[PDB]
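To start, the structure under review is shown below, and the notes come after it.
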Amino acid sequence: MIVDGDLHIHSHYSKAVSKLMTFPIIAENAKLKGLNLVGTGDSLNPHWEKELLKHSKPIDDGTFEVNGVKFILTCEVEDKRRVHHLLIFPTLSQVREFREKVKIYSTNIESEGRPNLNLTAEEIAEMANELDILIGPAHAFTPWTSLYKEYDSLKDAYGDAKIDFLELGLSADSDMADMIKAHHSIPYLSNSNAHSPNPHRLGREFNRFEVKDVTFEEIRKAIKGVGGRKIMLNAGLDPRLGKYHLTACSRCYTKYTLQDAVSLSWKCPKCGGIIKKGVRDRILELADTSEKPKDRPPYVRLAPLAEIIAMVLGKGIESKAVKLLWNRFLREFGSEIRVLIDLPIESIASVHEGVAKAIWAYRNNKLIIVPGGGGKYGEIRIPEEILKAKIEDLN
DNA sequence: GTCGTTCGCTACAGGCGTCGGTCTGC
DNA sequence: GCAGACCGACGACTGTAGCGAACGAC
Ligand SMILES: [Mg+2]
Ligand SMILES: [Zn+2]
Ligand SMILES: [Zn+2]
């Protein structure tokens with residue numbers, strides 16, 4: 001079967017995350033969005049595991065079901081050097097064993113969803129490998145809490161340890177990361193990093209796997225690419241929409257080139273804020289090869305359908321109008337990705353003509369994109385002539 | 001024209017580095 | 001004067017009350 005799975009979210013026990021991020025609400029919104037598989041997130045927190053065991057039914061020792069949505073155990077943890085890592089756990093026993101292993105190195109393993117571990121990246125990855133726990137750098141190019149803001153290579157961070165994937169990130173796609181030859185031997189995950197069950201948050205990115213069943217072991221085979229299983233698609237935000245795509249100030253969000261930031265010594269001259277290097281500049285800084293791996297699954301660039309509806313209707317992202325139109329589209333067609341990429345523009349027009357024209361302009365690269373940077377999300381705008389013209393005249 | 005309903009924007013919440021400024025024993 | 005210890009604030013890890021003000025079915 002072919003399923004869509006988002007393997008990096010955060011519960012309400014994490015920080016700066018909506019209190020609505022509980023198993024029932026997450027499952028409801030994932031089902032509404034057409035999301036087959038969702039990572040649990042924060043699995044090292046015992047209270048979140050208790051809530052899981054409460055609101056779920058067992059599929060196997062590492063797969064659970066809430067309101068028809070499947071869940072495998074995942075967690076993001078922070079390094080001794082302030083570097084985030086994503087981990088996928090085979091069974092609940094691996095979760096509990098890892099949790100007990102790091103209690104002597106952590107002070108918030110029981111009170112937080114994103115724990116801090118007084119362990120280096122190599123130590124964490126080695127402990128995971130010893131327990132067959134899938135480990136990988138999460139949002140690997142963020143200028144604040146990623147691997148590549150701390151290290152110049154995966155080898156410098158993990159040493160003799162092994163990773164099982166690399167989480168791309170909102171502000172990057174597969175080609176950018178594949179500009180580093182090492183990455184060619186590593187599977188990519190495109191996950192949402194959702195702090196909210198909102199439509200444009202939960203499942204903003206995901207991975208499309210081919211599996212026999214929806215279980216942890218099938219997903220592990222799909223990530224490894226063995227036994228006929230495979231990651232056949234990586235759906236993700238257009239890298240320009242991420243918060244850290246370009247190099248900009250952390251306070252006023254004004255964008256600067258890499259040369260300009262170097263000459264300015266990383267302080268914004270118009271607000272005194274700290275300029276943070278974008279992932280595009282960072283990857284070009286670490287650029288290695290012009291080749292790509294052949295086995296690399298295609299990356300489908302997305303823009304959240306709620307954002308399209310908000311820019312068309314000229315209203316806010318949380319408005320009731322965009323919510324109603326988004327629900328109409330989802331009831332009618334079943335998934336955001338289908339409306340964005342797969343559905344014919346004529347069928348989109350039956351629900352809303354302006355949204356159909358905007359989606360056409362998105363598919364045909366005729367949409368204005370103000371790239372994000374320094375912590376500000378990218379903005380999406382549509383030229384006026386697109387909305388003024390008729391559908392049959394676009395092409 | 002009324003008055004519930006809805007919108008959009010600002011302020012603010014909360015448990016380990018970085019980054020300026022300050023104090024301290026020479 | 002000054003190196004170096006000491007210190008406090010600041011923001012990522014972003015979401016949402018909540019408050020004027022505009023809207024929209026009667
Ligand atoms: Mg992306
Ligand atoms: Zn993280
Ligand atoms: Zn600035």
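As a basis for the values below, the full set of heavy atoms in this structure was taken, side chains included, without hydrogen atoms, waters or symmetry mates. Sequence lines set the chain letters: A, B, ... in the order given, protein chains first and strands last, and positions in each chain run from 1.
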Next on the checklist: Given the ring of A/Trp144, does A/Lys276 sit roughly above its face, with NZ or CZ under 6.0 Å from the centre of the six-membered ring and within 45° of the axis?
Outcome noted: yes
Checklist entry - How is A/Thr107 classified with respect to the nucleic acid when contacts are heavy atoms under 4.0 Å: base, sugar-phosphate, or nothing? => result sugar-phosphate
Checklist entry - How are the rings of A/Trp48 and A/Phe23 set relative to one another: parallel (under 30°), tilted (30 to 60°) or perpendicular (over 60°)? => result parallel
Next on the checklist: Nearest to the side chain of A/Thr145, heavy atoms from C-beta on, is which of C/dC13, C/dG11, C/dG15?
Outcome noted: C/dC13
Checklist entry - Given that both distances must come in under 3.5 Å, which nucleotide forms a Watson-Crick or G-U wobble pair with C/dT14? => result B/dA13
Next on the checklist: Taking any heavy-atom pair under 4.0 Å as a contact, classify A/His84: base, sugar-phosphate, or nothing.
Outcome noted: sugar-phosphate
Checklist entry - Between C/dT16, B/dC16, B/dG15, which nucleotide gets closest to the side-chain atoms of A/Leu20? => result C/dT16
Would you tabulate the pairs of protein nitrogen or oxygen atoms and nucleotide nitrogen or oxygen atoms of nucleotides 8-13 of chain B closer than 3.5 angstrom?
from: B/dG8; atom 1: OP2; to: A/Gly316; atom 2: N; distance (Å): 2.6

Checklist outcome for this item: Side-chain contact check for A/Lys15: nearest option of C/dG15, C/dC13, C/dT16 is C/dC13
Checklist entry - Which one, C/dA12, C/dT16, B/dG14, comes nearest to the side chain of A/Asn198? => result C/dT16
Checklist entry - Pick the nucleotide of DNA chain B nearest each of A/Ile274 and A/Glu112; which residue has the one closer to the 5' end? => result A/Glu112
Checklist entry - When you measure from every atom of DNA chain C, which of residues 239-256 of chain A have a heavy atom less than 4.0 Å away? => result A/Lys243, A/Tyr244, A/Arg251
Next on the checklist: Tell me whether the side-chain N/O atoms of A/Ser18 come closer than 4.0 Å to OP1 or OP2 in C/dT14.
Outcome noted: no
Checklist entry - Starting at the 5' end of DNA chain C and moving along, which residue's nearest nucleotide shows up first, A/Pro197 or A/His139? => result A/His139
Next on the checklist: As a test of understanding, state which of A/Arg114, A/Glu78, A/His8 forms a side chain to side chain donor-acceptor pair (under 3.5 Å) with A/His84.
Outcome noted: A/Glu78
